[PDB]
Structure formats: C-alpha cells, structure tokens
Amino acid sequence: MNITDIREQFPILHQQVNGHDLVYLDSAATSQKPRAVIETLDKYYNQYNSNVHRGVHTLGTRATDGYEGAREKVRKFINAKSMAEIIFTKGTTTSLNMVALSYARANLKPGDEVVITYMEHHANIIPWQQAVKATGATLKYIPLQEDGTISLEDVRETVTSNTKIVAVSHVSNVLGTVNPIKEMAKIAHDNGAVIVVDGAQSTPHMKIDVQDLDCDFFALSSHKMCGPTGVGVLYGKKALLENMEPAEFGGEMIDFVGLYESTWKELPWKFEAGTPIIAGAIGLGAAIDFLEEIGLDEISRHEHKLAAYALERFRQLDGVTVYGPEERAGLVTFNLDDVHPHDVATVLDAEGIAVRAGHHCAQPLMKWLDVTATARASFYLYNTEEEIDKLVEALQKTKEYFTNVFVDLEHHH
C-alpha cells in the first residue's frame, strides 16, 4: 500500500488553505473521492444517463445495467447472500429509519424493549425513541465501561426475553471503539431479538462480512467510503425484509395499482420507490471497486498504524485528554484542558488543518463523558504520519498561544 500513489488519485488533497498545505483530518465527517469515482459520475452523465428498468432503449439498458451492477458490487462487498437483501437508500440515517418504521413499529407492543447503548449516534437513537413512543414499548441503554467499551456481561444483563431489537454501532464515530457485534448478535438472537447494526463508520475502514456478523440489518453511507453523497445501503436478511412493508410508496415499487389497493414488487425494488439514485449508486460501485483493489485489510492496517502513532503522540502533549479505548479505529476525539474545542478547530484551520468540533451527533455520549463538546481528528487511506505530526505540533502551538493570551491578559488586569 503506497500512500503517495493513493494520495495522487485524490485531486482535492493538493491545495492550500490559509497559505498552508491542506491537512484533511475529518474523514469521519466525510471522505474525499479518488478520480476513479468522480470520473465514473462524469462518464455516466456524459454518455449513458437514462431512467432505469423496463429497458427499451440502448442508453436505458446501459443505465439499468450500471445501477443493478452496482447493487451486485455492494452485495459482494459486504458478503450478503442475495441482491434482494441490498436496498439503496439516501444514507445510513434513512436506512435506520426504514427499519424503525417498517420493522419496529410493526413488531413492538407494550412490554417489548428496544435496547441501544450510550455511545450511539442520534441516527441510531431517535428513530427508536419515536418507534417506542408510537407503540408503547420501552427503550433501554446498555451501559459503557470506563474506557468507553461495552462488556458482553452488560449486554447479557440488559437484553431480556422481552427485548425485540438490539441496535448498536459497529464502530463509534467518537470513541473509535469497535464493538463486539458478532457476540452481541448471538445474545440478541438467544433472547428472541433481531440486531440492527449502524455500520456508517465501520464499512469505509474495515472488511464487513454480514454472514460472519450474522446481523439482521446493517446500514452504511457512501459519502464516508470514497463514494458520492446522498447514497446509502440498508442490508437486511431476506426473510425479514420479505415480511416488512415498504417505508414509502410510489412508482417502480409496485406490481399492480388499483384505485384503492396496490401490490408491491419483489425485493429489493419493493423498498425503492420512484426514480432511484442512479448516478450515485453507480459511483458507490466504483468506490467499492477502488477500495477492494487497495484491500480493506490493508486500509485497516494503515489506520491501525496511524491510530497507534496518534495516541502515542497525543500522550506526549500536556493538558490534552483523549476519550475512549487504546484499541480503536482511525480517529481521536479529545479536548485541550483550557481551550474550547471550537477554538481548537478554528486555530487548526488557520494552519491548514481540518478537524471537527461539537458533539458529533452523540449528545448522550457527551453527557456520559461529562463534556459539552470535543474536537475530533479522523483518518483514512490518504492520511500520513507527517499529517499527524502537523496536528500534534499545532495543538502544542495552540496550547502555548492560549496560555500566552491568558498570561498577558492578566498582566493587563
């Protein structure tokens, strides 16, 4: 895996911000795209765009083969058994809402539980809050250990035979924790529950095998894995999708439409109402071809290296706290002792460095961490150790800068 050659493929990395080379360390907010993906969208709109399915003309057939071809690339990429289990959506958030609408609201009754965890992103909290309110069921939280991991004993304790759904992040977008999904799916199933896995932050960065995980549903976003924005996937075991009703209705997802009643198409098209995200899904297929050619295991190994290097270099800084476990995905969320993380992010952008500040859509987690906000540097296959040196040098300079503003503000007062 050669990082110079990989970087050459991402035009956006080769520019300056505020007079400094860009150092983009915000791929957990979104990833950048290689020329293979952007040129795939260009070739689609330059050469073969047309609406898909019922192909009667040559560009229609080409577009259709492109769109359904990308469906097959996705199925192979996550090791699903069938294309019928691969639904294109506009993103992880929509995929999780479809499960909460079409599965949870159809299957929960008073006394049923949905169990989630304190580290979940909002997209894997609010749909359940709403679905339990709608059905009179109960929402429960699995507690965290003090390093921000989950113990399977806590899982066993929290999940009961009234639990119908466990929903849990594969990888935390804040802590970098990789959760024990395969063993949690066993506990869910032993209790008569399904497990819903939020794979938004795992799928770009590590190999996903839904047969090995034995997850009932798995949601992911293209924009985080070198693909176009506005596109996602919901995977669900075929036997569960077959018994779920559509979450929206329209053209393309019907078989017969009468004045008052309609019947639906087979899977996966039952869940794809209206003209689909044709260019975006084909560009997500090109992203997958791109990542597979590099190797997901090579990408994970590179990120392990960057994360171990980052945590070590963060520990060399005084006055900095890093949240979450030592063993982790390719991101670091942190605070400088005396500086608001928004000011940290603002100053780092003056040195060309892009990180994020805020709650990262995990308010209950920030509460658990006893903070109101954090800063986050997150990595991907185009980032390097030198970029991490630049970050840790700028955090040092940031600390000195703010301690000097303060020291000299109180020689004023």
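Residue numbers here begin at 1 and follow the sequence given.
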item: Selected stretch [higher average CA B-factor]: 101 to 109 or 274 to 282; value: 101 to 109
item: Mean temperature factor over C-alpha atoms, higher-scoring stretch between 192 to 200 and 148 to 156; value: 148 to 156
item: Given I288, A80, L259, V168, the residue at which the Cα B factor reaches its maximum; value: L259
item: Maximum C-alpha temperature factor, selected from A123, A137, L331, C226; value: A137
item: Third of the chain's Cα B-factor distribution that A373 belongs to, per the entry; value: highest
item: Third of the chain, ranked by Cα B-factor, where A350 sits; value: highest
item: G55 by Cα B-factor - lowest, middle or highest third of the modelled chain; value: highest
item: CA B-factor ranking of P143, expressed as a third of its chain; value: highest
item: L25 - Cα temperature factor, lowest/middle/highest third of chain; value: lowest
